[PDB]
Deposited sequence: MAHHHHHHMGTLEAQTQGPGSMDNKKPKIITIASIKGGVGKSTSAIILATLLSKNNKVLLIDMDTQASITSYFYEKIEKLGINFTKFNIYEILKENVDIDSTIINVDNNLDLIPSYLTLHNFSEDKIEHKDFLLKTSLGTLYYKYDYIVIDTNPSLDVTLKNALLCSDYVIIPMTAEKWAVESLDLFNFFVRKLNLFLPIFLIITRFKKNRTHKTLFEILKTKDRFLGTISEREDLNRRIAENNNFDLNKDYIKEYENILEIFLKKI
C-alpha cells in the first residue's frame, strides 16, 4: 500500500552497514519487491552486483544516483533488476562531488525524485556514507525508519548520541533501531549489549563470521542471525 523506506546508517565505517543493507534487502525480497539505493561514495553495494550489471550492459556511469540528484536523468531510467524481486540504483564515483555542489533545496532532492517514481516497492533500502553530511540528510528526509549497525567499541554510546542529535536538528521523529555487528563472546561486547539490550529498538546481534567477497549467500549461520533480526524489526513497526 505504500513504500516503507529504511536508511541504513552509521558514523563509523567498517561496521557492516553495507553488508547489512544487502542482506536485509535480499531477505526482504524473498516475499516483497525491494529497491536498493546505493548512496555511498564507496559504491560497495554497486560493485557487489557489478558482474550482474555488466552482463545486462547497463551504462551506470550515465544512470546512477548522482545523476538523479543532479536532475540530469530521471530515476525511472536508473533502476536495475539485480536479483529476485530486488532492484538497485547504482552509485558512481562522481557522487563524491555531491557535497561540494551548490544546489537549491539540496536536502530534498532524493525525496522529490522519489515522488516522481512510477514503480512501486514494498520496501526501499538506502545505503549511506559514514558521515553526517548532506547525503545522509537526503536519505533521512524521505525515510520511515533507520537501522544503525554498531560495534562494541569505545565511543559507541557517544556515537549513537551524536547521530540522534543530528536527526533532531532535522526536526525528524524517526524510529531508530540498533544492531550489534561483529559480536564476540567477551567483556567488551557484554558492556555494549548490556547497555543496548534494554532499549526498545535494539534488534539483536550479528556474530563475527569468516565465511561472511562478491559470492551468493547459502543461508548459513550468519544469515539466520539476520533473519532473526529482520523478524524482530517487522514486529516493532
| property | result |
| --- | --- |
| Stretches with no C-alpha position, numbering per deposited sequence from 1 | 1-24, 237-242 |
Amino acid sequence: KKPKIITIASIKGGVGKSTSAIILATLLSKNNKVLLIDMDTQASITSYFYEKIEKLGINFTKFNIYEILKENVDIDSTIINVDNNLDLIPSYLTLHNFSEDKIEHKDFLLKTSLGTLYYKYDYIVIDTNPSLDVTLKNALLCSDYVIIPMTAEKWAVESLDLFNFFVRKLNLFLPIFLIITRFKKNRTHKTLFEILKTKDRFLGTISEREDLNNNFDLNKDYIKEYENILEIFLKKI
From here on, numbers count along this sequence of modelled residues.
{"query": "Segment of higher mean CA temperature factor, 32-40 or 51-59", "finding": "51-59"}
{"query": "112-120 set against 147-155, stretch whose average Cα temperature factor tops the other in the entry", "finding": "147-155"}
{"query": "For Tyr66, the third of its chain into which the C-alpha B factor falls", "finding": "lowest"}
{"query": "B-factor third for the C-alpha atom of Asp87 within its chain", "finding": "lowest"}
{"query": "CA B-factor ranking of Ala9, expressed as a third of its chain", "finding": "lowest"}
{"query": "Modelled-residue ranking by C-alpha temperature factor, third containing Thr46", "finding": "lowest"}
{"query": "For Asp101, the third of its chain into which the C-alpha B factor falls", "finding": "middle"}
